[PDB]
Structures are given as structure tokens and as C-alpha cells.
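The data below hold one chain only, encoded as C-alpha cells and taken in the form deposited in one PDB entry.
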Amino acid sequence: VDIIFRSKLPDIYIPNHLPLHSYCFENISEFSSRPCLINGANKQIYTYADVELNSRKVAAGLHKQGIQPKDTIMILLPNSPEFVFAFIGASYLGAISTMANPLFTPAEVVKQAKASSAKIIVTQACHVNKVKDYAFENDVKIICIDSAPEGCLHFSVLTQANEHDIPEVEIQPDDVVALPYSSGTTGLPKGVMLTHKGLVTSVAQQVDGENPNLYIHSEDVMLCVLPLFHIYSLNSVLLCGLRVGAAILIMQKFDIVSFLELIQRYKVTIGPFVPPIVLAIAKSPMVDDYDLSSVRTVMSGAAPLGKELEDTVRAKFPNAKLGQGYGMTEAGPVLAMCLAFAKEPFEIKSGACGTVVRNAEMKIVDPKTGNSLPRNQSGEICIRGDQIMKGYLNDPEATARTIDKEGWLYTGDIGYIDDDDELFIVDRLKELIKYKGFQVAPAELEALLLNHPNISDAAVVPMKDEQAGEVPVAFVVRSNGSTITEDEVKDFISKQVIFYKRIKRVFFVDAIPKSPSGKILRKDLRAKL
């Protein structure tokens, strides 16, 4: 029998039959006039009423541009009001948003645009060159938020539209609404189909209930420095923030001065961070010149924090509950959330990544045997519930390998649950690398390396790094007669990928350590490092 773990919080009613917009704005009449988005770039503020209305106008605009239910748009933007209006606008149409880093190479963007079948790309003028040729050849519309080059439209063509021109649509709970890309537990980035039902469930698991797991309310100011094109910010900052009527303070990029100035000046109360931000707070000499006493909740996720740094950063935020959460794109994303964040808080231990969310089930499985494990025994973390993905777009094989027929998602993370129902992550079984919380899929990098005519074999694995948590390093087997150097390998990769995917070290070997069956012994390579 599977040994099943659940939250210390009771299950709640979740209205996951509601479309995401209908759910997120369900209580909007209670905070219509309250600030919703604050753009750190220009200090422009949109109220809840403004955001709902602009989203509805954009929906009508998108429909006029040809977006039908189940069509997809690509958002290729930094954190911005336009990101939000495009995402929620598509939701109103029963359509799908795929989201991508605007700093991706042209090849990276176009690959995602093709895989997702994006009909419209929403971007900035400076990035039009990345997609222009592709878009022209395939009649994909380009909409720019600042200025529109030839063959492009301005975003105002969407906001000029009449909100009463949203077509009648029957959106189903299992309809897809968000399509972030993720490599999962092996291989290349794949399209994660997140549904109305799934996202409503995940948001509710965090912020709903008499005692919510993550207590946020309409007088909070939540910093949105994490990128909305990644699932952490999209779900736990934007969608959760909207649900409870909180103000969301948008930053386009991390800048330590801007970060501190904004926290102090806007009296930020919720700080959704990642470990490298926590590291910057612990290291920077200017932090002591700032008043950060407004912050009541500091969250870290996406990568391990580690007891030491966690304990330390409580000093810089004297009034804050500090804790970790644990997410994975395929999981909706939140698997576990710190119960110190609850309206009626629980005791926690440093180094834990939370307690499994309510209205969900977790098990811990020995990778060697397939047997479920009891408390205080490490194995592969698995979760099930209505919050998880529908599956991978056009990839039933990858879906079948990732979620079993009993509904269990296998995370590829190794951890244990203690006597207090706190989850601790101790290792990663899957090949995924995390650079500052960003996904780096070794399979992508290995594919590039293998296609170099002077490389015979390659393996990319994480190396521990203070600043980034992990950096990608490559083990390379040179082809016969090859003289390719570490720098030449690095440059070859550097010219083809976004900065965070860059190989930081190259180690040249006679053979890649492989199992008898020829699978890369990634754990062995990690051990060598």
C-alpha cells in the first residue's frame, strides 16, 4: 500500500469549476477601487477595476485579431501591466498564453513559438528582430507594447477595443489557459498544459480557507521581482495576489538599489524571493541603510536556500516570517508551502520547504524498488490532486512517463517528511540544473555539443556555485584529432543560448561515465565535482 501524506490544514471547498478570471476576480467588488498593479518603471498604478476592464478590452481586441477559443498567444515581455492584460485577456476568450523570456535567443523564441503554435506574439520593438522572419513566413501577428515596426501592430489596437465585444464562450474546467515550458524529469523543454481547473486549485490551496496556508490580504503590497514568464511569479504572485485583492509592485529587472528603495518606500509586506536575492540581501553593504521593517512575509523557492543563509536573513527583515515553498511547473506549481505563513501560523524548522498543500496527496517512493516510504526516509517526492498539469502538449509519451494512471506526478526530487509533516529536499534525481532558480535542461546543451564536428560525446551536469546555486558544466569527449579548447567549447555554446544556460566549466575526458545500458552516470559526475 502507498503511504500517503496530507496537509496539517483541513481540506477546503475549491470552486475549480470556475474559469480562472472568474475565480481570480470573484470578490473584486470588495476591492474594486484598491491598487492592483504598480509599475516600478514609471510608477503608474492600475486599480482592480482598471485591470479587469483592461483585460476585458484586450480580450475583445485579441478576438478581433483572430484569437478563437483554444488558440494560443505568445507573451514575450518583461514584467509589465501589458503581460497581465494579455494573459487575462486570453483567459476571457478560452484561449492559451505561452510565456517566454524576452532575453531568449531568436532560435529559442522561434522553437517555442513553433511548438506552441502561437498565432500572435506580444513583445517589445527591440525584440521584433528575433521573430520577424519567422512571423512573416507563417503569418504570425506581432504586437508591440512600445513602438510598432513595419509589419507589426501597437498594443493599443488591443486596448482600444470595446469590452462588450467579447464573444460568448463556454470555457470548460479542463481547458488549457497557460503553457509554460519545462523539461520535467528528463529531456527537452515541453509545453506544460495548465488548465483553468488546475490553476484555480493551486491558487485556492495557497490563499483560500479560514486558515489559508499563505495568508495575504487586500492591504498587502507584494513585490513582483520574479519573472511572470515563470510559474512561481505567475501563480504565487500574480494569480494569488489578484485572488485576495493585494497590490502587486512590478519590477522589470533586479537592481539592488531599486529593490531596497521600493521595499522601503512602498512599505512592501510580502517578499516572494529566490535564493540569489536572499544572498544579495545578506551580502550587500547598503542593506543597513534601509528600513525593511514593513516586510511581514519572506518566501524563498525554486532552489535550495540552506539552513545557514535562511537563519541569517531573519536579521535583515526583523518583522518577517521567513520560510520556503516548493514548486514544479508540472505540479501547478506548488507542492508544499511554509505553514509559518498561515493566518494562524504553525511552527517550522529551518531547511524545510513546507508542508504538502491541502486538498492534495503526497507519497515518497524508493527509486530502486518503487515502494512507498514512511516518515524520515528519503525517496522520490510524488504528488497528486486537481492542481497538477493536464499533461505535455502533443507529447502523450512524456506525459505517461511523468504522471501515472493513479494520477501521481513523479517529481524527480529526493526528500523526506518528518514527524511534524515538514518536507525536506535532500537531492535531485532528475538531470535538471537550476541557475538562480531558472531551468537549464542538460539535454538541450548536450544536443548542441554532440552536433559540433569536433566533439564525440558530452554530458552536462550541475556544479555547486555560491552566487547561482548551480552552474552547468560540461564533460566532453573530443573527436579523434580534435584540439577544441575549453574556451572554444564555451564560446560555441555562448553564441547559441540565453546567458543563464552558458557552460561555466569544461572538463575533458576519455569517456563519459555511463551505466552498462549507456545512461549517463550523472550522480557519479556530480560526485567527481
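Shifts are known only where both forms have a C-alpha. We call the rigid core the largest set of C-alpha positions that still match within 1.5 Å between the two forms. Residue positions are given as counts along the sequence shown, with the first one as 1.
- Across the two stretches, 432-440 and 277-285, the PDB entry reports the greater mean Cα temperature factor for 277-285.
- For the pair 261-269 and 450-458, the mean Cα B-factor is higher in 450-458.
- Ranking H164, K363, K190, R243 by Cα temperature factor from the entry places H164 first.
- For the set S55, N480, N27, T47, the PDB entry assigns the largest Cα B-factor to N480.
- The deposited CA B-factor of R358 belongs to the lowest third of values across its chain.
- Among all modelled residues in its chain, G209 ranks in the middle third by Cα B-factor.
- In this PDB entry, the Cα temperature factor of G323 sits in the middle third of its chain's modelled residues.
- Remark: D421 belongs to the middle third of its chain, ranked by C-alpha B-factor as recorded.
- In the PDB entry, a CA B factor belonging to the middle third of its chain's modelled residues is recorded for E219.
Unshown form deposited in another entry; subsequent notes refer to it.
- Relative to the superposed core, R505 undergoes a Cα shift of 2 Å or more between the shown form and the other one.
- In the core-superposed comparison between the shown form and the other one, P453 has its Cα shifted by at least 2 Å.
- The pair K523 and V192 approaches in the other form: their C-alpha atoms are at least 3 Å nearer to each other than in the form depicted.
- In comparison with the shown form, the Cα-Cα distance of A441 and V365 decreases by at least 3 angstroms in the other form.
- Considering only residues present in both forms and aligning them on the rigid core, one finds just one run of three or more residues with C-alpha shifts of 2 angstroms or more between the shown form and the other one, namely 430-528.
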